[PDB]
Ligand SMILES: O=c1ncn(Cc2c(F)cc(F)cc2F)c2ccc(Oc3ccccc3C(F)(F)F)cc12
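This document opens with one chain alone, in C-alpha cells, the form solved without the ligand.
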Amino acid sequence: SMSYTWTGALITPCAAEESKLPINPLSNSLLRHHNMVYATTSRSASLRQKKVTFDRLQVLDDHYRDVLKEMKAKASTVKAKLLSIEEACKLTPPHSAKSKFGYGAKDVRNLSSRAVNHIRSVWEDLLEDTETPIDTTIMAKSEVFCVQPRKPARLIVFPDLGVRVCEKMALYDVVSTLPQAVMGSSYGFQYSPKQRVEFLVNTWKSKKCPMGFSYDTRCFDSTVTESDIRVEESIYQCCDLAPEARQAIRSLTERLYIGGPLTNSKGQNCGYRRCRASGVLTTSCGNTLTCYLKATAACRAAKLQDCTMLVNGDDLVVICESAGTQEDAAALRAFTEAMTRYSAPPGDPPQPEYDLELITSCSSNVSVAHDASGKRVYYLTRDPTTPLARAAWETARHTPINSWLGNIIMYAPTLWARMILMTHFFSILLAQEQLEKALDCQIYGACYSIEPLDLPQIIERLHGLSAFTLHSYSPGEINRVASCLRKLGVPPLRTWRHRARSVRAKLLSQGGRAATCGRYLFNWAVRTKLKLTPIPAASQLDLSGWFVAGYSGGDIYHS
C-alpha cells in the first residue's frame, strides 16, 4: 500500500520560521561563513513528501519467519508493568506540545484535575474502542545543517498530549525493557559512548578476518508496513501484561501505530499515513526491532557468516567474517536484495569495509588517540560540520534543545569538542555568569536537564579519565577537523588553544566546580599539565537509566 495519501492541503507551520543564521558577535567568533548555515522549514515539505510517498513492496520468507520466532521466544521472558498516571505524567517534558483539550505539559506534570481527567478518558476510550483511527498532527521538522557543495525538511507525526501520556502508561516499561531482552548485546541504546566503542572494537577483534558495513535504509519510517507494525505488536504481546495494558497495546497498534489521519497545524485534513509515525513512543523500539529482524534474516539469505548486528532504531551496522573480496561484495549485494524484499531498500548501496575506522554507524566512526601514558584508546568521533553549524545557530538564537551540550557530552573525547565546543561555550557562560544554570539537551532522544558545571563528572563516567588527556590524534581525524573549519570559516585550532588558556584561567579563579572544569576540561590547553585523578563527585552521581533505551520521538524526559 501507499505509505502516504495526500489531500492537497499543505503541511503548515504554527509560527514564523527562521531559516538563516543571524549576524551575531557571539556566533561570529565561532563561525564566520554564516550564510552557509541554514534551518529546514515547512517550505521544503513538499519535496520531502514526494520522496517518502510510494507503494511498498514486501515478500516475507522462511528466514524472516524463523528469526521472528526466535525473537518472540526471548520476548516471552519479559514481564512489563503498567505505569501509573503519576509516573507517566512525570515522564512528560516540561515543554511538550500542549493538548488541544485545555491543558499542557505543565498541567500534566502538576497532575492538574483537567489534565488528569482527560488522560483517564483517553485511556478508557483506548480500552473500549479498538478501531477508530486516532488523529495526529504533521509538521515540518526544523533542523540546522551546512549547505552542500539543501536537505528538505523531515516530517514529524504525533498524536495529542493525552494520547502520549497513555502510550507511556501502556508501553513505557515495554519499550525500555523488551529491546534488550530480545536483541541482547546487539541493542545499541544500552551503551554509553565508551561501551559502544568497546562493543565495536571487541566484535571486530573477535572475527578471524573482519568485514563490516553500515546499511542505509532509504527513508526507513515510510518503508515500515502495516505487517511490520503488527509483527512488532506480536512481539510486545509475548510479554506478561496487565489486561488493560494488553488492550491498550492492541488498540494503539490499530488506531495509531499502523496509521491514521494527518492534520496540519491549521486543523485541515492533510491525508493519510500507512507507515511509521516518527513521533510516538514505540518508534525507536519498533524501528530497532524491525531493522534487526530484517537484517538478521537478510544475512542468512545472503549467506553472510557470523553476522553481528549493532542497531539503533533505523541505524544499522553489521560486522561479520570475510570470505574474500569478491565473495563479500556478492554476499553484500544478496543481503541488500534480501532487505529490499523485506521492504528495507537502501538509500545508497552499502559498501564492504576491512577497516573498522572506515565504517560510519550512528553518524560516527571509531578513531584512535593516546592517553597521558601514551597508551592507545579508541573513541567515537564524526565530521564536526553539522555539530558546529548547530552550535553557531544555538549561540545566536535561543533554542529549547542545546545540541551543543549534548555533543560535548557524547563527543567529549574528540579533538573538536574539547578545543572548540568546550572553549566557545564556557567562555560565553563565563561572560554571562551562567555556569550553574541547568540547560536542556537530548541524548538518544530523551530530554535532560544538565548544569554545565557537572560536565567533568558526567564525562568521566561516560568516557573515563582519558577523555581529559587524549593527545596525538590520527592524521585523518586532524585533517577532517581542520578542513571542516576552513570550510565553515571557523578559526583554526591554534586560535582555540589561545582562547582556551584564557578560559581555563578564569575558571580556576572562581574555584569550586568552575575550577574543576578548568582543570579537567582544559588540561589539554596548558603545556605543564596537572596530574588528573578521579573526581570525587564523579563516582557517585546517579547516571542510571542514562543509556538503557532510545526514545527518539517518544516525548520522554528523564528526571
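The numbering used is simple: start at 1 and walk along the sequence shown.
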task = Answer yes if residue 539 is missing coordinates in at least a third of the other compared entries, and no if every one of them models it.
result = yes
Between residue 475 and residue 476, the number of deposited residues left without coordinates comes to none
Comparing mean C-alpha B factor in the record for 508-516 and 494-502, the higher one is 508-516
The stretch whose C-alpha atoms carry the larger average B-factor in the entry, 366-374 or 333-341, is 366-374
Listed options 241, 140, 441, 126: highest C-alpha B factor recorded at 441
From the entry's CA B-factor values, the highest among 134, 431, 200, 388 is 431
Among the modelled residues of its chain, the C-alpha B-factor of residue 447 falls in the third labelled highest
On the chain's distribution of Cα B-factors, residue 404 falls within the third called lowest
Entry-reported C-alpha B-factor of residue 86 relative to its chain, by third, is highest
Residue 184: C-alpha B-factor third of its chain, per the entry, is the lowest
Of the three thirds of Cα B-factor ranks in this chain, residue 94 occupies the highest
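Unshown form deposited with the ligand bound; subsequent notes refer to it.
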| request: Considering only heavy atoms, tell me if residue 118 and the ligand come within 4.5 Å of each other in the deposited complex. | output: no
**OP:** Look up in the deposited complex whether residue 473 has a non-hydrogen atom within 4.5 angstroms of the ligand, and give yes or no.
**Re:** yes
*Taking heavy atoms and a 4.5 Å cut-off, does residue 338 contact the ligand in the deposited complex?*
no
### Touches the ligand in the deposited complex: residue 478 (any heavy atom, 4.5 Å)
yes
Answer key, the ligand contact in the deposited complex at 4.5 Å (heavy atoms) among 334, 482, 439, 238: the residue is 482
As a check of understanding, the residue in 68, 515, 532, 493 with any heavy atom within 4.5 Å of the ligand in the deposited complex should be identified as 493
Exactly one listed stretch (130-138, 172-180, 301-309, 415-423) reaches within 4.5 angstroms of the ligand in the deposited complex by non-hydrogen atoms, and it is 415-423
